[PDB]
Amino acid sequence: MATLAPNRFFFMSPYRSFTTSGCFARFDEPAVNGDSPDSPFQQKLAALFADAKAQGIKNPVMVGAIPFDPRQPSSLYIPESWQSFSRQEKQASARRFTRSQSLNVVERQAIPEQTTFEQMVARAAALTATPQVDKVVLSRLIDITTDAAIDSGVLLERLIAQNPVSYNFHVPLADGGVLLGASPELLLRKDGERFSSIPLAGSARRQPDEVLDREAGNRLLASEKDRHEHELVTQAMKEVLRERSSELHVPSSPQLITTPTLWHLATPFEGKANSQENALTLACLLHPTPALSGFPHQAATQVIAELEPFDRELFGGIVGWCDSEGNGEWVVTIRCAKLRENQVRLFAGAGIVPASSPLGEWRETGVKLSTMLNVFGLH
């Protein structure tokens, strides 16, 4: 009953699921202007890829995470090797994994707490009613200190068991840490010439019984707050993708998708892109989406910087991989945690427009945090 070592990358996806071994070269280069092959980011990336193939490695991948603010340094690296696994096989082994960790929390801190958060929500809702911004997303944290170092392998087993369907990731950080999570949001898949993105925005709690549950979702489909929330996201990426895609299909209405925790509204984007493009050039172009920063992007970037009493770092960024041949997959870094020794930080954001109530968003972010609290066996 072996668990994953904290110095391995792991990625579980309906596209490609693999683990990695060892480390060839680290890659800290900021991803800013990564949507443009003339960028130092892409150049150094290309260099490092040719460097790696010249050095003997067949089929190099670049795995890891990129922070919310792409000016900041990146958590990417080429492993020595990688090894495919069966997503379904893994779901099954995880569900049978029995041996846990007795873990006692010695501190639990909400940052910020209910009252401050509600004022941040009120002050942001009001700025979206004005001409300055239409949508800002605001987040909060839960910091947890435990009395023994947290085994990240056992926790990954639990996360998979509780979240069989999501993009489940486990990434080694340059400090000795681990970024760990169960993301439902595809930011960018590129499979040959073909690409897709599946933005989410708008949520409703799921219910214990499949009658009051199957309508909670129907209600989400009707909800105008959430539908407007959602529309703000899709129009933005349409425009951005306009002169970057050969062809492009986007439904004008969202569809329901599930989390063990949440109903969300989704819009799948499908398209083809030029050979001038790769998984990262496209992922950099799209992220962050109005689902994670706001609209307009840079104007919401500033509200966020003045309201949030912390730095997001890797939270609200993207995690995934890309190869030397333009392929890859990138998911949004949400429903996640950073672990290092006996310290964990959880993250969740919403979801703010003129029609949002501060209690509403506080409790929403609450349900989103519970994906990762459940992995820890907390409430």
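A residue's number is simply how far along the shown sequence it sits, counting from 1.
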Between 18-26 and 364-372, point out the one with the higher average CA B-factor as the PDB entry records it. 18-26
Quick one: say whether 30-38 or 329-337 has the higher mean Cα B-factor in the deposited entry. 30-38
Quick one: which of 183, 276, 235, 163 shows the highest Cα temperature factor in the PDB entry? 276
Please pick out which of 139, 86, 207, 252 has the largest Cα B-factor as recorded in the entry. 207
Could you place residue 60 in the lowest, middle or highest third of its chain by Cα temperature factor, using the values in the record? highest
For residue 114, return the chain-relative third of its C-alpha B-factor as stated in the PDB record: lowest, middle or highest. middle
Select lowest, middle or highest to describe the third in which the CA B-factor of residue 290 falls within its chain in this entry. middle
Split the chain's modelled residues into thirds by Cα B-factor; is residue 257 in the lowest, middle or highest one? middle
Check where residue 149 lands among this chain's C-alpha B-factors and tell me if it's the lowest, middle or highest third. lowest
